[PDB]
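One structure is given below, encoded as structure tokens.
Every residue, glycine as well, gets a Cβ built from its backbone with ideal geometry; the counts of neighbours run over all protein chains shown. Here, each number is a calculation from the coordinates, and none is a lab measurement.
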Amino acid sequence: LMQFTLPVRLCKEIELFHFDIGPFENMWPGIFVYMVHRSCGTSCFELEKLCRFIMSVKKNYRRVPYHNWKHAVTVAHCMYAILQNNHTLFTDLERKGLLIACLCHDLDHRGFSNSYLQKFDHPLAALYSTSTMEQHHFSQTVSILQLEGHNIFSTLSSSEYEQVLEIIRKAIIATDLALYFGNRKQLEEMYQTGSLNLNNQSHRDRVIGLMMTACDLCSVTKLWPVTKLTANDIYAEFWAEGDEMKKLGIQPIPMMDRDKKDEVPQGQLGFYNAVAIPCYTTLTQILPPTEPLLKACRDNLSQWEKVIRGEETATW
Ligand SMILES: CNCCN(C)C(=O)c1cnn(C)c1C(=O)Nc1ccn2cc(-c3ccccc3)nc2c1
Ligand SMILES: [Mg+2]
Ligand SMILES: [Zn+2]
């Protein structure tokens with residue numbers, strides 16, 4: 001066999017939740033295949049079809065500051081770390097589906113929220129009334145899977161193919177943060193009443209949904225220099241959207257107004273308290289080995305507090 005291998009530092013550090021995939025774009029396909037081979041198996045996919053699939057997915061991500069090809073592979077790496085540290089808990093189809101779902105979860109993102117597409121009256125908003133961009137990301141995934149020589153699931157039965165596409169659809173839709181609040185609340189109530197049941201498919205769907213949020217937000221679980229620099233890319237998009245809202249004659253929300261840049265540290269503190277900490281808290285309760293994501297999130301919360309107190313300086 002031809003096994004994928006990484007340099008010694010990457011081989012060790014890729015197993016860490018806080019791993020950064022680095023600035024060499026040409027290494028990310030190899031990093032992804034390496035993670036598929038270890039988390040799924042060398043027989044899960046035909047290498048030729050998987051490589052062709054990866055390069056078509058890359059081509060359908062756009063040159064935007066944050067929702068780009070690097071984000072796709074970064075979210076996949078976080079899923080890899082969750083799967084490898086919980087390897088008894090997931091099925092063969094979930095291992096085949098979830099790294100692919102992560103790679104594809106923001107396909108053809110233009111750096112604009114569902115709200116902006118609604119206000120602009122974009123054709124996508126007419127086609128998909130809720131989770132507009134996420135329904136688009138899934139449609140783009142199906143289009144690529146149906147290209148000649150791109151059926152990476154060709155050895156699955158019709159019923160198994162339908163199952164894995166359902167895992168991918170639900171996982172991509174779960175990255176709509178509007179749906180996270182309800183999903184985490186349901187999971188919190190289920191865990192605390194001891195009703196949570198990983199044999200229940202509707203429960204598995206919710207746990208996978210929370211895993212997808214955890215992976216999607218994972219910049220907050222990196223080492224501080226990575227967290228701080230990624231925040232610059234996130235705001236580059238938010239502020240471009242705020243400019244476009246102002247062009248429509250609509251006041252943007254504070255996080256999208258570039259004139260409010262001095263309030264970013266307090267905005268981050270608000271986001272960590274309201275979204276990130278609860279997300280990784282609930283995930284650790286369900287999957288204790290994901291603890292390092294929560295620890296790293298708490299460490300970054302403390303860094304943003306230091307910035308607010310003027311002990312740290314967050315420059316753009
Ligand atoms: C997942 N899709 C949803 C979009 N998205 C990618 C995220 O929300 C996301 C993902 N990772 N991170 C780190 C974030 C993030 O930073 N979010 C927020 C969330 C709320 N805010 C409020 C203020 C703020 C700024 C200035 C003034 C007042 C308020 N700033 C923020 C920032
Ligand atoms: Mg998205
Ligand atoms: Zn994303």
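Computed values, structure above
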read-out: Net lengthening on full extension, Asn60/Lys295 (0.36 nm per residue, minus Cα-Cα); value: 81.2 nm
read-out: Fraction in percent of alpha-carbon pairs per bin - 20 Å, the chain; value: 31, 60, 8
read-out: Given charges at beta-carbon only (K, R positive; D, E negative), |dipole| of segment 72-173 in Debye; value: 220
read-out: Phi-based couplings in Hz for segment 201-216 (Karplus 6.51, -1.76, 1.60; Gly and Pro marked x); value: 4, 4, 6, 4, 4, 5, 4, 4, x, 5, 4, 5, 4, 3, 5, 5
read-out: Unpaired by the 4.7 Å Cβ criterion, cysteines found in the chain; value: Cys11, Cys51, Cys102, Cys104, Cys279, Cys297
read-out: Two-decimal ratio, segment 163-206, of alpha-carbon radius of gyration to 2.2 N^0.38 Å; value: 1.21
read-out: Hz values of 3J(HN,Hα) by residue in segment 132-144 - Karplus curve (6.51, -1.76, 1.60), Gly and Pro given as x; value: 3, 5, 5, 4, 4, 4, 5, 4, 5, 4, 4, 4, 5
read-out: Dipole moment magnitude, nearest 20 debye, segment 179-314 about Cα centre, only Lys, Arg, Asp, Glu C-beta charged; value: 260
read-out: Length-normalised contact order for segment 27-309 - Cα pairs under 8 Å, 6+ apart - percent; value: 19
read-out: MRE, 222 nm, helices only [DSSP H, n ≥ 4, -39500 (n - 2.57), over the chain, to nearest 500]; value: -19500 deg cm²/dmol
read-out: For segment 1-80: span of alpha carbons on each principal axis (Å, largest first); value: 37, 28, 20
read-out: Top positive-direction residue, dipole computed over the chain with Cβ charges, set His136, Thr315, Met212; value: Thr315
read-out: Cα-centre dipole for the chain with unit charges at Cβ (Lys and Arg positive, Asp and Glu negative), debye to 20; value: 300
read-out: Extended-chain gain in nm, criterion 0.36 nm per residue less alpha-carbon gap, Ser302 and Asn86; value: 75.0 nm
read-out: With 5 Å bins from 0: P(r) over segment 120-239, alpha-carbon pairs, percent; value: 2, 9, 13, 16, 17, 17, 13, 9, 3, 0
read-out: Calculated from backbone phi, Karplus (6.51, -1.76, 1.60) coupling profile of segment 55-63 in Hz, x at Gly/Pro; value: 6, 6, 4, 3, 4, 9, 8, 9, 7
read-out: Extreme residue, positive dipole direction of the chain, given options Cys44, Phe19, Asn85 (C-beta unit charges); value: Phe19
